[PDB]
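Analysis of the macromolecular model
One letter stands for each residue in the lines below.
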Amino acid sequence: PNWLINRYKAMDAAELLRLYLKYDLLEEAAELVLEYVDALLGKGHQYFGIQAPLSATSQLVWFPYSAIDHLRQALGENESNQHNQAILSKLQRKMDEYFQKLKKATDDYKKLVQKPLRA
Amino acid sequence: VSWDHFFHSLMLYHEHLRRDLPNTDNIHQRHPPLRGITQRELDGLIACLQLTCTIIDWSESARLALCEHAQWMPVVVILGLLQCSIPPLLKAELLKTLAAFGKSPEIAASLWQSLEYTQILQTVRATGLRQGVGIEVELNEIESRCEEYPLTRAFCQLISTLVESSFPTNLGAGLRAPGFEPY
Amino acid sequence: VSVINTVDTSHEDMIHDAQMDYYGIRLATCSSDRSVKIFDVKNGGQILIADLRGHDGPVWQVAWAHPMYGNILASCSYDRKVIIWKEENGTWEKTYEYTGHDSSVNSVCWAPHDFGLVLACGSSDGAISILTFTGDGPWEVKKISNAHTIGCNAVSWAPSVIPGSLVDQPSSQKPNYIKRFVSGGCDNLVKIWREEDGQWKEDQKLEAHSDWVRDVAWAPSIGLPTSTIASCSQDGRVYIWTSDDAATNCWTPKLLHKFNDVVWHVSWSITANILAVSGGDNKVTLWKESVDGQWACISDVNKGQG
């Protein structure tokens, strides 16, 4: 019933992803992860208890790698399932966009932290 | 004759029977000689379970009070003991005792979930378990040889009681794929 | 050593760190799941006795205090807090919370009990905080600002050494201990700190790592005059730092080994001067110095041989 969900998703912005991939809710799990990545890119961060995107240097960013690897395994165990493969390919393309932007932001943070040991 | 003696005794048997378990890595394992619960001890346990079953069958207050007790945790202990090995009569009495606990509606919902997790009945084969590895092997190897079927009957009684309180519902995502199909 | 009964922490994520209590009757564990779990594993029998929740992010390190102060546990987290947990009458409670860091608190270490109830805390803000409990009133805080240029990853206390323990101190004064600790940071430095006149000063800089120092461990005093520190880094190196004379303050680095991957941290054995080294290769290696001063690997422990 949407009230509960909305309220356990900016107070505890993940562990539910786990309640989801346990109660066999693969579809909705991939959805939550995508939503969270979207938040992290500065888009809708207020609906994910996130303070910053490409701003105020780099602080903390928890990446739910184990839940994403379970999603990759579950999408690979369905094989024939065309719908799950279409979702998996969309998710992979989005993860690659994220890792490319993360690499750029990390390289720019490394340049920012190198200015100044000239005080 | 106290609740402390009954549930401590069950716990001791549960601890003793589990330690006699042989590690998979270890090759050739010998128990310090399985203290096969003596026949007298067995008769005593059976009599205790029968008495418990009679009390909980007639008294709803007693049934709820015994199941909610924090130290005895009877449902956990009993289900734990069922995963151990004993001669079929004791198993039958344990099932009867569970049946007596099940005459009360919500306990039933939690019990279905617990039964699915404990894989007393092997729902989904694990590590090529195939035949046996559960009540099916006991039925074919142990009860069929003894030409007596107490365990099968008790199991049917349990299922029958559970179906009455619900054909329950989704009995386990992630594992199988729903359904009361296997049973 | 043959493995015994298999434990179960009933967790939902990777345990980042684990520490046994002083008597080896309890295990504290902490995780990305934001919990600190306490197990009373006495004579086998795995037993969760507490699930301590109070952090808003991953918990990085746990530290047991000396049992003379009762059952006290510290935890530090990505949430920039340090929490002090105490057991009273079998109930675990948060007795203190320190929020004086601007970034993730990566490491916590209790001082030798001779110094009092003192906790060192290293943060990703580059500062180190020393929390002192005097028995009366609130915790006192001495903060070393800009201890490391980028961030502090690890802190370890020096052993309690009485200056001149071979000379009869007149029996009416508490020995004046030289309080020291070592820190490792993201500026590739291992730094030694000393208390002087109630202030903490940088006593030495140790330069040998080419990337972030991940962990630092001061070896316990085995009654030898030589002080030993281990450090490990992102550069895959482990260094053993030795100082033979406490008066010269001269630290010499010896390369222990270079791994092909990151090294987390090295933990000293209390009795045998054995270094445990945990690598990114998912191995734990044990190292011991031979009589010729060479360091040899005495065991390689892989995930999965239990």
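Residues numbered from 1 in each chain as written, not as in the entry; some residues may be left out. Chains lettered and ligands numbered in written order. Part of a larger assembly, values for the part shown. Heavy atoms only, no water. Residues with missing side-chain atoms left out of burial classes, pairs and counts.

Regarding the overall build of chain C
- Along its length, chain C carries 0 helices and 24 strands.
- Over its C-alpha trace chain C gives a radius of gyration of 19 Å, about what one expects of a compact globule, namely 19 Å for 306 residues.
- The dimensions of chain C, computed from C-alpha atoms along their principal axes, are 50 × 50 × 40 Å.
- Long-range contacts, defined as pairs at least 24 residues apart, comprise 28% of the intrachain contacts of chain C with a sequence gap of at least 6. (Helix = DSSP H or I, 4+ residues; strand = E, 2+ residues; numbered from the N terminus. Rg over C-alpha atoms; globule rule 2.2 N^0.38 Å. Contact = heavy atoms within 4.5 Å.)

Remarks on the overall build of chain A
- Looking only at helices and strands, chain A has 5 helices and 0 strands in total.
- What you see in chain A, going N to C, is helices and strands ordered as α-α-α-α-α.
- Dimensions of chain A along its principal axes, counting C-alpha atoms only, are 60 × 35 × 20 Å.

Thoughts on the sheet that holds strand β18 (residues 227–233) of chain C
All names here are of chain C.
- Across the sheet, which stays open at both edges, the 4 strands sit in the order β17-β18-β19-β20 with antiparallel pairing between neighbours. Both edges of this open sheet fall to β17 (213–218) and β20 (252–258), since each of them pairs with a single strand only. Strand-to-strand twist in this sheet, taken as the mean axis angle between neighbours without regard to direction, amounts to 20°. (Pairing = 2+ DSSP bridges. Axes fitted to C-alpha atoms, helices over the stretch in contact; angles between N-to-C directions.)

With respect to the pairing of strand β15 (residues 189–196) of chain C
Residues and elements named next belong to chain C.
- Pairing of strand β14 (residues 180–185) with β15 involves 5 bridges; the strand directions are antiparallel. Directly across from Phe 181, in β15, lies its bridge partner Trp 193.
- Two successive antiparallel strands, β14 and β15, enclose a turn made up of 3 residues, where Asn 188 displays a positive phi of approximately 70°.
- Looking at chain direction, β15 and strand β16 (residues 199–207) are connected through 8 bridges and run antiparallel. Residue pairing in the sheet places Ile 192 in a bridge with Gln 204 of β16.
- Hairpin connection of β15 to β16: 2 residues between the antiparallel strands, including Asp 197 at a positive phi of 50°.

So, unusual backbone geometry
- Of note, B:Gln119 is a non-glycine position whose phi angle comes to about 45°, a positive value.
- Along the chain, the position of B:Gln119 falls in the loop between α6 (105–118) and α7 (135–146).
- The backbone phi angle of C:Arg80 is positive, close to 75°, even though this residue is not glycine.
- Within the secondary structure, C:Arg80 sits in the loop between β6 (72–77) and β7 (82–88).

What to know about the sheet that holds strand β1 (residues 15–20) of chain C
Residues and elements named next belong to chain C.
- An order of β1-β2-β3-β4 is seen for the 4 strands of this open sheet, with the pairing classed as antiparallel. Two strands bound the open sheet, and with one partner strand each, they are β1 and β4 (48–53). Pairs of neighbouring strands in the sheet enclose a mean axial angle of 15°, with direction left out of account.

Examining the UniProt feature "repeat: WD" (unreviewed entry) in chain C
Residues and elements named next belong to chain C.
- Sites flagged by UniProt as "repeat: WD" (unreviewed entry) map to residues 52–95 and 206–241.
- Counting secondary structure, residues 52–95 comes out at 0% helix and 59% strand; the distance between its end C-alpha atoms is 12 Å.
- Secondary structure content for residues 206–241 is 0% helix and 56% strand, while the C-alpha to C-alpha distance between its ends is 9 Å. (UniProt positions renumbered as here; feature names shortened; annotations may be inferred.)

Remarks on the pairing of strand β8 (residues 91–98) of chain C
- Relative to β8(C), β7(C) runs antiparallel, the two being bridged by 7 bridges. Bridge assignment links C:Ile83 to a residue of β8(C), and that residue is C:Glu97.

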